Each structure stands twice: as structure tokens, then as C-alpha cells.
Amino acid sequence: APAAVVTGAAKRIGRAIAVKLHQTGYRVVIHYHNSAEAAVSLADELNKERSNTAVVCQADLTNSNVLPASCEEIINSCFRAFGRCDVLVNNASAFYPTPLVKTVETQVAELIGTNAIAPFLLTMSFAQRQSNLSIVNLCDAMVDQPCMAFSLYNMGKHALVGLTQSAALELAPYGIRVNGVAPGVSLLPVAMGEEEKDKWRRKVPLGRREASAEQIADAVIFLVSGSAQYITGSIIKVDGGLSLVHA
Amino acid sequence: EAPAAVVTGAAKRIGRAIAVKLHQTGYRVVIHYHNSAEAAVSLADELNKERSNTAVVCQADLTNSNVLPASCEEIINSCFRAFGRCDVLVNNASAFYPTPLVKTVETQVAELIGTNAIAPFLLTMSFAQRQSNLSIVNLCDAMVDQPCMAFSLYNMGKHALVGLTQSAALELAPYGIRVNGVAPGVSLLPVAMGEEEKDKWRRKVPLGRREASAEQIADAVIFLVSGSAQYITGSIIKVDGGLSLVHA
Amino acid sequence: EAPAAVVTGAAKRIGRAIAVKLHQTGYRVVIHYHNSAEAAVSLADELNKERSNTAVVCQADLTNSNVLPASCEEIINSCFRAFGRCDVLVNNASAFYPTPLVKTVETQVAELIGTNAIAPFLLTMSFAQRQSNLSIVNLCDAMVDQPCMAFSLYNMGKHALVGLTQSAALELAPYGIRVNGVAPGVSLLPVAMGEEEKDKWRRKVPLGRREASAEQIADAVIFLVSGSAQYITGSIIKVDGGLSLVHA
Amino acid sequence: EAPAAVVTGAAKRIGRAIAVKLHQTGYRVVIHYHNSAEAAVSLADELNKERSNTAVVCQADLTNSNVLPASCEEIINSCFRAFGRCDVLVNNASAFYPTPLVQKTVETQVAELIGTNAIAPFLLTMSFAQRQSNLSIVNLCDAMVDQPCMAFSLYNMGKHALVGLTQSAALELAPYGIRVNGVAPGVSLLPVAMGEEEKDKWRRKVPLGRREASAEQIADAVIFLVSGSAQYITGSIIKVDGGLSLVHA
Ligand SMILES: NC(=O)c1ccc[n+]([C@@H]2O[C@H](COP(=O)([O-])OP(=O)(O)OC[C@H]3O[C@@H](n4cnc5c(N)ncnc54)[C@H](OP(=O)(O)O)[C@@H]3O)[C@@H](O)[C@H]2O)c1
Ligand SMILES: NC(=O)c1ccc[n+]([C@@H]2O[C@H](COP(=O)([O-])OP(=O)(O)OC[C@H]3O[C@@H](n4cnc5c(N)ncnc54)[C@H](OP(=O)(O)O)[C@@H]3O)[C@@H](O)[C@H]2O)c1
Ligand SMILES: NC(=O)c1ccc[n+]([C@@H]2O[C@H](COP(=O)([O-])OP(=O)(O)OC[C@H]3O[C@@H](n4cnc5c(N)ncnc54)[C@H](OP(=O)(O)O)[C@@H]3O)[C@@H](O)[C@H]2O)c1
Ligand SMILES: NC(=O)c1ccc[n+]([C@@H]2O[C@H](COP(=O)([O-])OP(=O)(O)OC[C@H]3O[C@@H](n4cnc5c(N)ncnc54)[C@H](OP(=O)(O)O)[C@@H]3O)[C@@H](O)[C@H]2O)c1
Ligand SMILES: Nc1nc(N)nc(NC2CC2)n1
Ligand SMILES: Nc1nc(N)nc(NC2CC2)n1
Ligand SMILES: Nc1nc(N)nc(NC2CC2)n1
Ligand SMILES: Nc1nc(N)nc(NC2CC2)n1
Ligand code: NA
Ligand code: NA
């Protein structure tokens, strides 16, 4: 059985991706930062289905002097548990506004670390340890029509597009594919107000609703599958047409 | 009962692989063709041997002309006539040849722009006008921003097809019709292409230094028409082995 | 001696402003028009009052048809007959109206795809064939990836024009002919559009909550044809006040 | 009074060309530099001999660190100290070197490549805006970001982030009348460290003249963007690449 690492997998979209990978037959490493209880509850659920097929792994993915070592250890955790690491899903992400007009350098470390630098370091560590091997990066369908006052977040997501492309090119000779999935509106942020959630939903052409986490996870499953073996450097929007709607 | 799909230019090559994979997934298929009558009938016979009354052929020229709207309406009609429904449209048929800036040019326009862009638009119109998982898949080109030299009309047509994909995704979303694309890089090389040229293209592809099989292209089409793509509309999936990421 | 430019659809609105600014920069101009003869002639008279023998008009329908290649060749020829040279081509003329998926459709195709894409292609062919700072500027649309609802053929035509811009840039670079685009967002609105509707569009624009003047669009054209742009080819400059960056 | 501009990494090469062209257009200029003190001072001396008290130098490292926000604030402050205003910011400074995925610390490479190409532009943009006619920012991008050089992931990441900043900042700063645009070279001045045969390999790829862009050609697009001829243009990135990005593998 192949094995996958999913970052930020205790809740929401990460959780659904881990669940669907496990349902497909993968053993999974459930990475978490603060959500230890949820991470272990997910592992307990998956291990009840198939013993010793899910483990948890804690790490902060904020940029720092220790982030390279932390990312090496996440990949190492998959090898320790399962003896291989076939799939990496870069899902973990900080998301909050950073107006141009926490210290700003902490915001940099968190927003650019989680969205871009940790994915890069995890990609390095994944590759260095190297079958259907692939990486899937969780992008953002709205990167070119960004939310107001979210410059660092947007920078991080653009950087992640860059990594997707650069790593697809560089890792192709190792048979490692690198792709992305770009939600528009999926599970709305827990802190967003109801009326705000509804305003976003009403903008989506395809059903005037957000994507379920499972719909996002379906695109991840496709990209890691045998049915995507010639696909690398591609980013699949799963956005219900939202990015096509003008102001 | 079983859903039904129209695949244009389905007698050979990628369209044939798409038709076969849709049929294997459970669809009844309209095999559109232009000149390749014997291949189209042979494919229909193959599919009907597997499940009777699940494949028919439909002949049409998709060159632009004043009768092209009627021709595209008749392809969609032919699906309803055979199967009583039309769930999926795959716009695959395509003319591809150079048109240097420096057949008459009017014919070149009609063929390249008609097959790659206008016929998809008219088929899209007719599909939409006539009707649980409805979708359209347009065969695009991953290299449209790094185009082949002296292929301006072809490239224009494929860019127009991106525009149609996006515009139709937006407009047809309220009807539950998703509209997406699949963009090959190099897949089955042109029959006309010489061996050395084919080898030069193959050697450019990062992932495996080989072209895509027809089946690999069809796999992306199958995903986009499936239940696993129900929130996906207006997306174009490159299936190019990284080719478009390679600088000059 | 003075360079010469062809501007399509130059009688009114953005094309007129472009022709004026090119003339102010020192170009002789061919004012192409279709229906707006009186305005074309008035512009020519104004320009020739400023400097005699510097402006001529040229009538043609740019709808797609069997005669469009000849018509386009004639427009280019008119610049050579008048001025002895043709240094700049500005593809500005454009039909724009909705074509819902759900006039006959073949005429809509001819008009929308002809004016926005096929006539630019044929004009580009004829320009190149007759061939220093030579360049072509195509009037694109900054909103082509977030298009107006029910404008599929228009959007297809503008996408095709992006592809032409790219393809022609690549192919014509060895002749030193640069090919670029200018992409307005909201510029001149219909005069007859109610101000309340105009204001809905204006309020969308981040930079000043107003539409671009024709002259602001023309400024970008002037840059691209200038000596300050001699390494720029295949580039499309948005002149949109940030509109294309604004989400739904 | 004459307007004032800050050009990062302006001692040499493209940045100097931009500073020179802005100065010739009537701007007073802050010549930011990191290690090239001699070159920076030489340029300032030359510009002040054309017009007295119209150029100053400003030294800063633009590597990311917890003091980078203060350093960026101080570059903008230096423009106001010398000239009383700051109308234009050109984010030109850039680290550029490979970072292979498979095998000087990686954290240093992150701090340099992401800091110079993205974070310092962001912080300078914040400081520029907080301190405020024809105000604008021009970011030096890269026309090849979607067809990147092999083994340059962190550089490419940085330049993609800079695209994101250009767009985000154009949106957010539009109500302040600050336009934010980019200029994206393909091949311009080749690296000093490259041999002529390798330079020629790159030159031969360029459809328009089989040559790199001069520094002045890049600067010409910057000057257009800061000019009155670009007053409705924001969020736009102009490729100045001779068609290079249109050429397939
Ligand atoms: N939801 C949407 O509509 C949407 C739209 C566009 C893009 N996306 C992208 O899709 C992905 C999943 O979205 P989501 O909404 O499910 O994400 P989310 O709930 O915002 O974040 C996912 C997880 O990231 C982890 N994380 C955050 N900061 C971290 C840090 N410093 N170190 C390590 N891990 C950290 C958290 O793990 P712990 O809980 O364990 O601390 C969190 O549960 C993200 O990449 C997001 O950007 C989502
Ligand atoms: N192969 C590749 O590497 C590649 C690369 C990029 C994109 N694509 C796209 O993928 C699709 C499939 O590629 P392919 O190589 O399999 O295509 P293809 O063999 O060039 O053409 C497919 C079929 O199009 C039909 N067709 C051509 N002109 C027509 C006309 N005037 N009216 C009606 N039908 C017409 C032909 O049908 P008859 O034989 O019955 O006459 C032909 O067999 C095309 O859209 C192509 O542009 C392919
Ligand atoms: N206005 C905007 O906000 C906006 C936004 C985005 C892009 N653009 C682009 O900018 C350019 C100029 O826009 P505009 O608003 O000034 O254009 P416009 O007023 O819609 O049209 C310009 C001219 O095109 C000519 N034209 C139309 N159909 C033709 C045909 N069949 N044959 C020949 N010529 C034909 C007409 O010439 P006659 O009057 O002589 O018949 C007309 O005056 C266009 O390419 C447009 O798509 C404009
Ligand atoms: N040259 C090309 O072909 C090309 C192609 C694509 C994009 N571009 C972009 O165009 C811009 C100019 O290119 P270029 O070739 O002229 O650049 P460059 O010579 O590589 O670098 C410009 C300057 O950046 C400064 N810099 C580097 N690291 C720094 C740091 N840690 N802190 C502060 N400043 C630092 C250096 O200043 P000091 O010398 O004072 O240390 C250097 O002179 C860059 O943004 C580049 O990415 C250029
Ligand atoms: N990390 C990230 N990124 C986006 N775009 N949206 C969200 N959504 C909610 C914070 C949970 N999360
Ligand atoms: N229609 C089309 N389009 C492309 N890109 N390639 C091909 N390949 C060869 C004519 C079969 N055909
Ligand atoms: N995008 C576009 N294209 C043309 N040809 N004309 C127009 N006219 C504007 C609605 C007045 N807009
Ligand atoms: N900063 C930067 N960025 C690019 N692309 N090219 C260059 N040339 C560098 C001096 C070698 N520098
Ligand atoms: Na830790
Ligand atoms: Na008239």
C-alpha cells in the first residue's frame, strides 16, 4: 500500500483529503499544528477501518531557522511508519489580512512559510528520499483577483504556483509529478460571518454554493491516480466558475 | 437508463480513444466523423458488439459555412434520435496545418476556425437548447501561448475555444451544464509528421520524453465528465507532461 | 519623410483618438470606416487642415466573407497608394453585441469573428506581405477571462485576437515587425446607455471609479509604436484601472 | 519642484539605467545599493554634476530578517530626508542563483531570494504608501516565470510572489492614487559571471533581433509606466522580452 503525507489534515479540506486517500487504499500521515485532538480522532477512525494505516505528526510550518528540519521530519515520519512516501499534499495554510496601510515579520513568516516555504522544503525532503509518485499543492483559484488587503497571503499562493511549476519541471526526471488544486470558495473560514458567507456563495455560478471539502478532495484523488500519469505542472480549478465572474 | 455522449472526430486517434473510454464507462456514443467513414463504422460495430444499440455514426463537415449551424444542430439531433438524450458533448474534431503570414485563405479560415471554434460554439448552442450530470469537454492545446511557427489560424481557433469554454461555463452554469477543457501538449503525433520531427518533439517532454497516449488524454476527459468533477466548470486541464513549462 | 499608419474603425470613439494621436506624433493616417462616412471624412478634413495630404479615408466591411481577404489587401494598398509606405497597423474596428447560447447566427459569427479576429489576421498578412519601426497594435479586451454574460462570440473573437498577437509576434519578428496589444477594461460607454448604468460600471474600477478616456487608450498605442518600445513584441498592455483584478 | 524616486539596486546594470532615465526625465533619485558602494557613489556624483543635489545613495541589505521592515522604512525615509517627497518606487534589487531541490544554508537562500524579490518590495510598498499627483510603483518581474530556469525554484517563487504583490497592491492602493505595475524582462543584461558562448545561447533564442534587451530598453518601459501616458494603467505587467516567452521548447 502506498503512503501519503497530508499537511493540515485534522480538519476541513485536509481532513477530507486524508479520508479519501485512505479510502482509496493509502496509508496516511496526518500532520497538524494545534489540532492534536482532531488529528488523533481522525487517525483513530482510519485505524479502526484498517489497523496501523494512519499516524499523526505535529509541526509548526511557520518559517524559521528550524523549519527545514521540521519538514525533513514530517517526510521521515512517513518513512518510519510505512517504509515509503508516495504522495505529498501541501494543504496547511495560514489565511488572514495584512493591510498595506502580530508583527509584520511574524505575518511574513506565517503566511509565506505555510503557503510557500514549507511546501518548498517538504518538496525537497520528499524528492531527496526518492510507482506513482506525486505532489499536490492546494492553490487558490482567485489568485489573480485577490481579496482586498490579503497581499501576503496572495504572495504566498502565487509563490506556490511558482513552486508547482518549477518542481514539476525539475522533478519530472525522477518520475515525480507536481500539480495543484485551486479551490474558489469551499468550506468558509470558521471566523467569517454568516452574511459574508452567503455573499460569497451567491457569486458562484454553478449552484450558488461553496464546494464541499470532498469535492476538493476528488480533484486531489484524480491527480494522484493512475488516470493522471501524464499530468504534471497542472493546476485544476475546482471553483464552480467563480473565477470567471467579473466585478 | 444509460447516458449518451457526442464525440466529434471520433473515428480515429484521440477522439476514438475518448469514444471508447466513454463507452467503457457506460455511455452510449455518437461517433461523429467527416471523411473517415470506414473507421467510424468499424468503431461503432466494435462498440455495438459489446453492448447492442449503444453506438451510432454521424457524418458532418464542420468547416464554417452558412449551413454549419444546421449541421451542428443535426449532430445533436442525431444523439436524441438514437438515444433519447444527450448528456455529454466532446469537441474533439480539428483541422491542423500551417497558414504562414508571408487551399484559398478563405478555405483555411473556414476550416481552421470552423472546426476548432465555430463548430464547438454551434454544437454548444444546440446541446444547451435541447435539454443528471451534463457537461461539455473541449479539446484545447497546452501550447497555445507558445505556438508552433506559422500556425496562426490554428492558434487563433484554439484560443477562441478557450474563450468559448469560459464563456459557456459562465452562461450554462444555471442550467447545470459544466464546460471544461483538456489541453494536450504532444499526444499522437500527426500522421504527416516525419520521424525525426516526432523524435525532436518527444525529447522535449520532461515527464518521460514521450508523447501522451490517446488513452491518457481520454482519462482526463473521463474525469471531467464524471461525478468526481461536479463542481468543476471553466477549467482547462493540461495533459502535457510538463512540455508547456519548458523554455526555449 | 513621415511614417504612415492604418487605423481600422477610426471614425469615432477610440479609433478616432488613436488616429488623432498618431497624426499628432507625426504619422500620415488611413482612416478606415464602415458605416461612418461623414465622421471619417470630417476627421480627415481636420487632420489635413492641420497638415495637408496627411489623411485619407478607406471604406470597407470587415465582416468575414469570401471577399474579406481582398478587402483587407485593399486597405493596406490604400496606405501605400497614398503615402508610399505603411509602418503601423492598428486593428481597432470591432463588432460587439450579445449572442446568447440559449440577425442569423451565421451572420453573427461572420461579424463578431470577422471584425475581431479574421480581418486582423488578413490585414496582418497583407501588411507583412508588403514588407524603420514597423509594428501592429491589436485592440484587445482586459476582461476576456471574466467575460460579459452572453457575449460568447465576441469573447471568442477577442481570444482569437490574443492568439493572433502572439503568433504574429513570433512569426514576424525576423522582419522587425513587432505585434502587440492594448486591452481596455471600461473605456467609452455607449452614449445612449443611461448614466445610472454607466455608473454601475464606473464604480467597479479601482483607479478613480471612472472609465478610461479614448485618449488614455491611445496613449498606450502610441507607446507601443514608439522608439521606446522597440524590444516589445507579443505583449498586451492592460489599460483598465485595475478592473480585471476585482473579484465578483 | 521636481518629483523624487527610489530605485533599489541602482548602482549598476538595469537599476542604474532606470535611475539615469528617471533623472533625465527630471526626477531626483535615491540610489539604493547593498554591496556596490563605489558604483553607487560614482553614479550619484555623475547625476549631481548634471544637476546639483538631485541624487543621494542609500545602503541597505534587503535580505529578509526581523529588521527588514525598519530597513525598508528607512529607505523611504531617506527619500523624504533628501527631497521632501517620494513619488516613485522602483523595486529592482534582486538575488538570483539556483537552489536545486535534490542534492549557503537553505534558510539564508530563502531569506535572500524571497526577501529581495518579494518581501522587501512588499515592505517598501507599505512604507511608500504610509508616507503619502502621479504616484506609482514599478516592480521588476520576469517574463519567464511560467517557463522557469531549471533548479531556480526559490527565485521563481519570489518572482511569482512579486506578481501577486503587484496585483494586490494595485487593487489596495488605487484609492490612494498610487498605481502599481511591473516590467518583465526576458533576457536583458546577462550575468557578469556568464561566458560569451552561454550568453550567445540565450541571445539566439530571442525572435526579435536574436539579442538581449539593453538596459535602456528595460528602463524605457519603466519610464512609460511612471509617466502621465500611463495614468489609467495599474496592475499591469509589461513584458519587454523580444518575444522570448512565446518560443516553445
Ligand atoms: N476553504 C476555502 O474556501 C479555500 C479557498 C481557496 C484555497 N483554499 C486552500 O485550500 C487549503 C485548505 O483550506 P482550508 O480552508 O481547509 O484550510 P484552513 O482550515 O485555513 O487551514 C488548514 C490547516 O492549516 C494548518 N496550519 C495553519 N497554520 C499553520 C502553521 N503555522 N503551521 C502548520 N500548520 C498550519 C492548521 O492546522 P491545525 O488546525 O492543526 O493548527 C489548519 O487546520 C489551504 O491551502 C487553503 O489556502 C481554501
Ligand atoms: N495530437 C496531439 O498531439 C494534440 C496536441 C494538442 C491538441 N490536440 C487536440 O486534440 C484533439 C484530438 O487531436 P488529434 O490529433 O486526434 O486530431 P486529428 O487527428 O488532427 O483530427 C481529429 C479529427 O478531426 C476531424 N476533422 C478535421 N477536419 C474536419 C472537418 N472539416 N469537419 C469535421 N471534422 C473534421 C477528422 O475527422 P475524419 O478523419 O473523419 O475526417 C479527424 O480524424 C484536437 O482537437 C487537437 O487539436 C492534439
Ligand atoms: N469601449 C470600451 O470600453 C472597450 C472595452 C474593451 C475593449 N475595447 C476595444 O477597443 C476597440 C475600440 O472600442 P470602441 O468602443 O471605440 O469600438 P466601437 O465603437 O464598438 O467600434 C469601433 C468601430 O468598429 C467599426 N466596425 C464595427 N463593425 C464593423 C464591420 N462589420 N466592418 C468594419 N468595421 C466595423 C465601426 O465603424 P463604423 O462606425 O465606420 O461603421 C465602429 O465605429 C475595440 O476593438 C473594442 O473591442 C473597447
Ligand atoms: N538581467 C536580466 O536579463 C533580467 C531578466 C529577467 C528579470 N530581471 C530582473 O530585472 C531586475 C534587474 O536585473 P539585473 O540583472 O540588473 O539585476 P542584478 O544585477 O542581478 O541585481 C541588481 C542589484 O540587486 C542588488 N541586490 C542583490 N541582493 C541584494 C540584497 N541582499 N539586498 C539588497 N540589494 C540586493 C545588488 O546590489 P549591490 O550590487 O549594491 O549589492 C545588485 O546590484 C531584477 O529584479 C531582475 O530579477 C533581469
Ligand atoms: N488557509 C486558507 N486559505 C483560504 N483561502 N481560505 C481558508 N479558509 C479558512 C481559514 C479556514 N483557509
Ligand atoms: N487537430 C490537431 N491539432 C493538433 N494540435 N495536432 C493534431 N495532430 C495531427 C493532425 C493529426 N491535430
Ligand atoms: N468591448 C467593446 N468592444 C466594442 N467593439 N465596442 C464596445 N463598446 C462599448 C459598449 C460601448 N465595447
Ligand atoms: N536578479 C536577477 N534576476 C535575473 N533574472 N537575472 C539576473 N541577472 C543577474 C546578475 C546575474 N539577475
Ligand atoms: Na517542532
Ligand atoms: Na453611413
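Sequence lines set the chain letters: A, B, ... in the order given, protein chains first and strands last, and positions in each chain run from 1. When a ligand or atom number is given, it counts from 1 through the structure's own listing order. Hydrogens, waters and symmetry mates play no part in the numbers below; they use all other heavy atoms, side chains included.
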For atom 45 (O) of ligand 1, which candidate among A:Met192, A:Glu110, A:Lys157 provides the closest heavy atom?
A:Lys157

Using a 4.0 Å heavy-atom cut-off, which part of A:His33 comes near ligand 1: side chain, backbone, both, or neither?
both

Any protein heavy atom lying closer than 4.0 Å to atom 36 (C) of ligand 1?
no

Judged by non-hydrogen atoms, does A:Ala213 sit under 4.0 Å from ligand 1?
no

Measuring from non-hydrogen atoms of A:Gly113 to any atom of ligand 1, is the shortest distance under 4.0 Å?
no

N or O contact, B:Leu188 vs ligand 2, cut-off under 3.5 Å:
yes

When you measure from atom 12 (C) of ligand 1 to every protein heavy atom, which one gives the shortest distance, and what is it?
A:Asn91 OD1, 3.0 Å

Which residue owns the protein heavy atom closest to atom 20 (O) of ligand 1, what's the atom, and how far is it?
A:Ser93 O, 3.8 Å

Protein heavy atom at shortest distance from atom 41 (O) of ligand 1:
A:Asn34 N, 2.8 Å

Mark whether atom 17 (O) of ligand 1 lies under 4.0 angstrom from at least one protein heavy atom.
no

Can you confirm whether some protein heavy atom lies under 4.0 Å from atom 31 (N) of ligand 2, or whether none does?
yes

Looking only at side-chain N and O atoms, does A:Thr7 offer a donor or acceptor that is under 3.5 Å from a partner on A:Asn91?
no

Are any of the heavy atoms in A:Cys139 under 4.0 Å away from ligand 1?
yes

To the nearest 0.1 Å, how far is atom 4 (C) of ligand 1 from its closest protein heavy atom, and which atom is that?
A:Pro183 CB, 4.0 Å

Please state whether B:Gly185 comes within less than 4.0 angstrom of ligand 2, counting heavy atoms only.
yes

With heavy atoms under 4.0 Å as the rule, classify the contact between B:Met143 and ligand 2 as side chain, backbone, both or neither.
neither

Checking heavy-atom distances from atom 33 (C) of ligand 1 to each of A:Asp140, A:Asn115, A:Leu61, the winner is A:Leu61

Ligand 2 atoms in contact with B:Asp61 (distance to a heavy atom under 4.0 Å)
30 (C), 31 (N), 32 (N)

Looking only at protein heavy atoms, identify the closest one to atom 3 (O) of ligand 2 and say how far it is in Å.
B:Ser187 N, 2.8 Å

Nearest candidate to atom 25 (C) of ligand 1, where distance is taken over non-hydrogen atoms, out of A:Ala38, A:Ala36, A:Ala92:
A:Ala92

For ligand 1, is A:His31 a contact, meaning one of its heavy atoms is under 4.0 Å away?
yes

Give the intermediate values and the outcome of side-chain hydrogen bond (donor to acceptor under 3.5 Å, both in side chains) for residues A:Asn63 and D:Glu107.
CA-CA 9 Å; A:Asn63 198 35; D:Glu107 281 297 344; 3.2 Å; yes

For atom 27 (C) of ligand 2, decide whether some protein heavy-atom distance is shorter than 4.0 Å.
yes

Within ligand 2, which atoms have a heavy atom of B:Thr63 less than 4.0 Å away?
31 (N)

Given side chains that start at C-beta, do those of A:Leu242 and A:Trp200 come closer than 4.5 Å, heavy atoms only?
yes

Nearest heavy atoms of A:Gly180 and A:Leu223, plus distance in Å
O-CD1, 3.5 Å

Are A:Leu67 and A:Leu61 close enough that some pair of their side-chain heavy atoms sits under 4.5 Å apart?
yes

For B:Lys12, check salt bridge (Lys or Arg N to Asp or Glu O under 4.0 Å) against everything at least two apart and list the hits.
none

Is the shortest distance from atom 9 (C) of ligand 2 to a protein heavy atom below 4.0 Å?
yes

Judging by distance only, is a nitrogen or oxygen of A:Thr114 under 3.5 angstrom from one on ligand 1?
no

Considering only heavy atoms from C-beta outward, does the side chain of B:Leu43 approach that of B:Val20 to under 4.5 Å?
yes

Any protein heavy atom lying closer than 4.0 Å to atom 43 (O) of ligand 1?
no

Considering the heavy atoms of B:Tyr33, write down every atom of ligand 2 situated less than 4.0 Å from one of them.
40 (O)

Keeping the roles fixed (side chain from A:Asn137, backbone from A:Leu163), state whether a donor-acceptor pair exists under 3.5 Å.
no

